[PDB]
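# Next one to model:
(chains A and B)
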Amino acid sequence: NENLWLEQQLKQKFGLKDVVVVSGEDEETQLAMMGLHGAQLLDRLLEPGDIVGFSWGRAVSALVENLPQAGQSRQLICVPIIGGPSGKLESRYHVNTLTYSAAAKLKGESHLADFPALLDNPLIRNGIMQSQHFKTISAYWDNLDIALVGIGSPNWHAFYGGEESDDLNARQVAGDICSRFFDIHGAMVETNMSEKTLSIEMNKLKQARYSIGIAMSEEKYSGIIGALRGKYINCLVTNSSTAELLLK
Amino acid sequence: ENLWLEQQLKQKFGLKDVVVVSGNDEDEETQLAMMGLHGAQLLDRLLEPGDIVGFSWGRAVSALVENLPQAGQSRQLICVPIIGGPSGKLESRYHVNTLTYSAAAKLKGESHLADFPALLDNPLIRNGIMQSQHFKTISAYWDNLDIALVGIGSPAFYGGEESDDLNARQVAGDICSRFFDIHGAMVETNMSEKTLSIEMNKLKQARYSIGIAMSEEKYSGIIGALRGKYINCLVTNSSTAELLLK
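Residues are numbered from 1 along each chain as shown, chains lettered A, B, ... in the order given. Provided below are the atomic coordinates:
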């Protein structure tokens, strides 16, 4: 109803392909509802043979958990677009867990990543990038059709810790997607991590037919709006509260 | 079901526990599922509160995991991989992380997944990963493991050249991609310097190290595994138990 109008207004303001806006209430409830309607969006946007990429986290999890069980294959390929969280997320939100579950729901194939998302030593990080396994995953990223992505925003402390979060907070980092940081205007911004990361590059993400961000909250507003302005996503699954914030 | 065969294996090889299922002329996949089902009952019987439970990869361990009884109560169990990922060399279904996560759900425990590969291109990278906090955390569980579930490899996955080198080095089988001869002695290969998985010494310290395996070969990887004492329990079939004694 009003949600539909909020969806239309967002499409027009940010040049988006698709938008889902849910009402909600509680926090984790709203996320389940976003996950449900966002999963409905994904299922309609998918095309046979699509390479589908998944980031990690609660938000993407909500969508994957709500995916209808397909009765037939659309020759889909499911791949993670970031390495594993190295213990910093519980297994249920691990990028491989989500990728695997989505492949089962979608009756597709999955190719799981056996490298970490973050490596402290640049040397090791670089060496893994040269292995056949990484190149194989990366080559899927090169041809990504659809991405599902949460939007990070100042876990910010969890992932990056005080020391690195500082540089972020001082560098006016508004948010991140797959551990790729940007300002409120959408501009990329280098960090103590922009060298030690194993995840899809924003340039590649933008080449996807659909990059679907799923996120909510006035707290995450800067992250979400920055992603919109940078065009790192071209679809948005969110709630009415945030929607209105975005239209302000 | 097959109590004499089980006791014969226990006595010959010094095993704590053994399951021998009767494969009634039935095909391989079916026989494996049977092993999985009765092996799962054994694992569930052997668990103690707070056990750290280590899983290798592969479809034999998968058969067992797929057939774990769904626990109603937590036994504060912690499930972990005892080998890195296969780097796309196995279907996702049989990935060690997939198996670990699924085991934890059935056991109402917690899982800690491994975000490093089992086999690296070179020793530099594999040593660097070992210095990482994540690897240290996982390897700490290996150091105090209570129960392990492993398949046993025998003579594609390692490449024709490596395969040939294995054949030339008299390698009869592997556990967690650590290789041994037919008498169960360890053999070091061009891959040991590139491998990230539990050491056999750490596997031997576990209360139960459960091999699940079958073979059509008189001279199998399993007899090696037993002689080397890398496992102290075995889940297998009638035909293999008989071979192991014959």
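
# any idea how far residue A:75 is from residue A:145?
11 Å (C-beta to C-beta, to the nearest Å). No exception for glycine: its C-beta is placed from N, CA and C like everyone else's.

# Just want to know which of those two has more residues nearby.
Using other C-beta atoms under 10 Å in any protein chain shown as the criterion, residue A:145 and residue A:75 rank with residue A:145 on top: 19 against 11.

# backbone phi and psi for that one, please?
With angles defined as degrees, to the nearest 10, residue A:145 sits at phi -100, psi -50.

# Quick check: closest non-adjacent residue to it.
residue A:50 (4.0 Å; C-beta to C-beta, 6 or more residues apart in numbering or on different chains).

# Next: residue A:48.
residue A:74 (4.5 Å).

# burial count for that neighbour?
Close neighbours of residue A:74, defined as other C-beta under 10 Å, add up to 15.

# same deal with residue A:132?
10.

# what ranges do the helices span in chain A?
A:2-14, A:27-45, A:58-65, A:95-105, A:122-128, A:132-142, A:156-170, A:202-205, A:221-230, A:240-247 (DSSP state H).

# which strands and helices sit next to the last one?
Okay, so that is helix A:240-247. Contact here means 3 or more C-beta pairs under 8 Å, 6 or more residues apart in numbering or on different chains; DSSP states H and E; on that basis helix A:240-247 packs against helix A:2-14, strand A:18-22, helix A:221-230.

# redo that, cut-off 10 Å
Secondary-structure packing of helix A:240-247 (3 or more C-beta pairs under 10 Å, 6 or more residues apart in numbering or on different chains; DSSP states H and E): helix A:2-14, strand A:18-22, helix A:27-45, helix A:221-230, strand A:235-239.

# which one of those has the most crowded surroundings?
strand A:235-239 (a mean of 27; mean count of other C-beta atoms under 10 Å in any protein chain shown).

# Neighbouring strands of that strand in the sheet, and parallel or not?
Strand A:235-239 sits in its sheet next to strand A:18-22 (parallel), strand A:210-214 (parallel), going by DSSP bridges.

# Tabulate those strands in CSV, adding columns for distance to residue A:36.
Output for those, formatted as CSV (distance: least, C-beta to C-beta, whole Å):
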stretch, distance to residue A:36
strand A:18-22, 8
strand A:210-214, 11
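
# correct me, but residue A:112 touches residue A:101?
No. Under the criterion of C-beta atoms under 10 Å, residue A:112 is not in contact with residue A:101, lying 11.5 Å apart.

# what about the two, which has more around it?
residue A:112 (26 against 18).

# Next, work out how far apart the more buried one and residue A:208 are.
20 Å.

# Same check on residue A:111?
For residue A:111, the distance to residue A:208 - C-beta to C-beta - is 17 Å.

# which one of those two has more residues nearby?
Under the criterion of other C-beta under 10 Å, the comparison of residue A:111 against residue A:208 puts residue A:208 first, with 24 against 20.

# circling back: anything in contact with each of residue A:145 and residue A:75?
A:47, A:49-50 (C-beta atoms under 10 Å, 6 or more residues apart in numbering or on different chains).

# List the beta-bridge partners for the spatially most central residue of chain A.
Central residue of chain A (C-alpha atoms, centre = their mean): residue A:149, 1.1 Å from the mean position. In this entry, residue A:149 is beta-bridged to residue A:213, by DSSP bridges.

# so it touches residue A:234, yeah?
No. Residue A:149 lies out of contact with residue A:234 (C-beta under 10 Å); the separation is 11.0 Å.

# so what sits against both of these two?
With C-beta under 10 Å, 6+ apart as the test, residue A:149 and residue A:234 both reach A:208, A:211-213.

# Now the two most distant members of those.
Spatial extent of the shared contacts of residue A:149 and residue A:234 (C-beta to C-beta) is set by the pair A:208 and A:213 at 11.7 Å.

# Quick check: neighbours shared by those two?
In contact with both residue A:208 and residue A:213: A:147, A:149, A:232-234, using C-beta under 10 Å, 6+ apart.

# nearest to residue A:204, of those?
Looking across the shared contacts of residue A:208 and residue A:213 and measuring by C-beta to C-beta, the closest to residue A:204 is residue A:147, at 9.4 Å.

# show me the contacts for that closest one.
Per C-beta under 10 Å, 6+ apart, neighbours of residue A:147: A:51-55, A:60, A:79, A:81, A:141, A:177-178, A:200, A:204-206, A:208-213, A:232-235.
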